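Data first, discussion second: the structure below is written as structure tokens.
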Amino acid sequence: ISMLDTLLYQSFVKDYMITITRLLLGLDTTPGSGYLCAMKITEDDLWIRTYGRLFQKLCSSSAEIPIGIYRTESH
Amino acid sequence: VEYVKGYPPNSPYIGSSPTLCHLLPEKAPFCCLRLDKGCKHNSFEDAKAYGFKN
Amino acid sequence: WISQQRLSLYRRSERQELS
């Protein structure tokens with residue numbers, strides 16, 4: 001719970017910060033809004049190698065924008 | 001069973017955010033929510049007996 | 001249902017929610 005306590009302290013400088021956080025979470029969903037999804041890069045998706053070229057296919061075909069990536073290395 | 005998109009009728013608190021959530025067509029009874037004791041509707045004791053896809 | 005239902009809940013004020 002203490003990890004997102006920082007959210008409220010950041011909200012002083014940034015008024016938007018609370019509203020934009022809840023739109024990502026999918027609580028305060030307005031009509032023109034988005035949501036977080038998870039596209040797993042399988043053996044078929046290795047066709048694309050870089051994150052820059054992944055940005056092309058997602059943006060051009062289905063109008064999606066990526067925030068980041070979640071890796072699972074063997075170690 | 002089919003699903004219908006709609007805002008959930010009973011919000012447990014006042015200042016709550018309404019959203020479309022794939023609601024059930026029929027409003028289910030309180031007995032069918034429980035797994036442990038299979039009531040006169042779908043007598044299943046454990047969760048594996050339901051046969052959950054995904 | 002889709003178009004009319006979404007915009008109605010967004011513009012809905014606090015007094016309209018409580019009613």
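Ligands are numbered from 1 in the order shown, residues from 1 within each chain, and chains are lettered A, B, ... in the order they appear in the structure tokens.
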### Expected answer as a VMD selection string: chain A residues within 10 Å of chain B, only C-alpha atoms
chain A and resid 26 to 30
### Query
Would you list which chain C residues are within 10 Å of chain B using only C-alpha atoms, as a ChimeraX atom specification?
/C:1-2,5-6,9-10,14,17-18
Restrict the selected residues to C-alpha atoms and save them as an mmCIF file, in the first residue's frame.
data_model
loop_
_atom_site.group_PDB
_atom_site.id
_atom_site.type_symbol
_atom_site.label_atom_id
_atom_site.label_comp_id
_atom_site.auth_asym_id
_atom_site.auth_seq_id
_atom_site.Cartn_x
_atom_site.Cartn_y
_atom_site.Cartn_z
ATOM 1 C CA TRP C 1 -27.175 1.107 -24.953
ATOM 2 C CA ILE C 2 -23.675 1.751 -26.350
ATOM 3 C CA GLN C 5 -25.627 5.012 -22.107
ATOM 4 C CA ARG C 6 -21.906 5.919 -21.788
ATOM 5 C CA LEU C 9 -23.232 8.370 -16.902
ATOM 6 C CA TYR C 10 -20.183 10.634 -17.487
ATOM 7 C CA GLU C 14 -23.349 14.076 -7.777
ATOM 8 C CA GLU C 17 -26.123 9.909 -8.717
ATOM 9 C CA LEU C 18 -27.658 10.085 -5.221
#
### Task
May I have the residues within 12 Å of residue 38 (chain A) as number ranges by chain, using only C-alpha atoms and disregarding those fewer than 6 positions away in the same chain?
A: 64-70
### Message
Using only C-alpha atoms, which protein or nucleic acid residues come within 10 Å of residue 3 (chain B)? Drop anything in the same chain fewer than 2 positions from it, and give the result as a PyMOL selection string.
### Response
chain B and resi 1+5-6+21-26
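Inside chain C, the residues DSSP reads as alpha helix (DSSP H) when given the backbone are residues 3, 4, 5, 6, 7, 8, 9, 10, 11, 14, 15, 16, 17 and 18 of chain C.
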### Task
Kindly indicate which residue among A:32, A:10, A:15, A:23 lies nearest to chain C, using only C-alpha atoms for the distances.
A:32
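Atom pair CA of residue 75 (chain A) / CA of residue 4 (chain A): separated by 29.3 Å.
When the distance limit is 12 Å and only C-alpha atoms are what count, the residues near residue 48 (chain B), minus those fewer than 4 positions from it on the same chain, are residues 35, 36, 44, 52 and 53 of chain B.
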Dump as a PDB file, in the first residue's frame, selection limited to N, CA, C and O atoms:
ATOM      1  N   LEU B  35     -19.555 -22.561  -3.601  1.00  0.00           N
ATOM      2  CA  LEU B  35     -19.053 -23.798  -4.205  1.00  0.00           C
ATOM      3  C   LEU B  35     -19.288 -24.995  -3.292  1.00  0.00           C
ATOM      4  O   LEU B  35     -19.868 -25.995  -3.715  1.00  0.00           O
ATOM      5  N   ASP B  36     -18.843 -24.867  -2.040  1.00  0.00           N
ATOM      6  CA  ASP B  36     -18.759 -25.980  -1.076  1.00  0.00           C
ATOM      7  C   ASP B  36     -20.001 -26.879  -0.999  1.00  0.00           C
ATOM      8  O   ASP B  36     -19.868 -28.102  -0.964  1.00  0.00           O
ATOM      9  N   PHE B  44     -22.746 -29.196  -7.436  1.00  0.00           N
ATOM     10  CA  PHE B  44     -21.298 -29.384  -7.546  1.00  0.00           C
ATOM     11  C   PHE B  44     -20.632 -28.969  -6.236  1.00  0.00           C
ATOM     12  O   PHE B  44     -20.789 -27.829  -5.796  1.00  0.00           O
ATOM     13  N   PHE B  52     -14.371 -25.509 -15.509  1.00  0.00           N
ATOM     14  CA  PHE B  52     -14.047 -24.144 -15.926  1.00  0.00           C
ATOM     15  C   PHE B  52     -13.066 -24.122 -17.096  1.00  0.00           C
ATOM     16  O   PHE B  52     -11.932 -24.587 -16.966  1.00  0.00           O
ATOM     17  N   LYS B  53     -13.510 -23.581 -18.230  1.00  0.00           N
ATOM     18  CA  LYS B  53     -12.610 -23.255 -19.338  1.00  0.00           C
ATOM     19  C   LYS B  53     -11.786 -22.031 -18.951  1.00  0.00           C
ATOM     20  O   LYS B  53     -12.261 -21.174 -18.202  1.00  0.00           O
TER      21      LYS B  53
END
### Query
Hey, can you check how far CA of residue 4 (chain C) sits from CA of residue 35 (chain A)?
20.8 Å
### Task
Could you give me, as a PyMOL selection string, the residues within 10 Å of residue 34 (chain B), counting only C-alpha atoms and dropping anything in the same chain fewer than 5 positions from it?
chain B and resi 29+39+44-47
Print the selection's residues with C-alpha atoms to a file, as a tab-separated table (two decimals), in the first residue's frame.
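Below is the file that was written, again-v6.tsv:
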chain	number	residue	atom	x	y	z
B	29	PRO	CA	-29.35	-16.59	-6.37
B	39	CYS	CA	-27.82	-26.48	-3.91
B	44	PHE	CA	-21.30	-29.38	-7.55
B	45	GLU	CA	-19.24	-29.66	-4.33
B	46	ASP	CA	-15.77	-28.78	-5.68
B	47	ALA	CA	-14.65	-26.22	-8.27
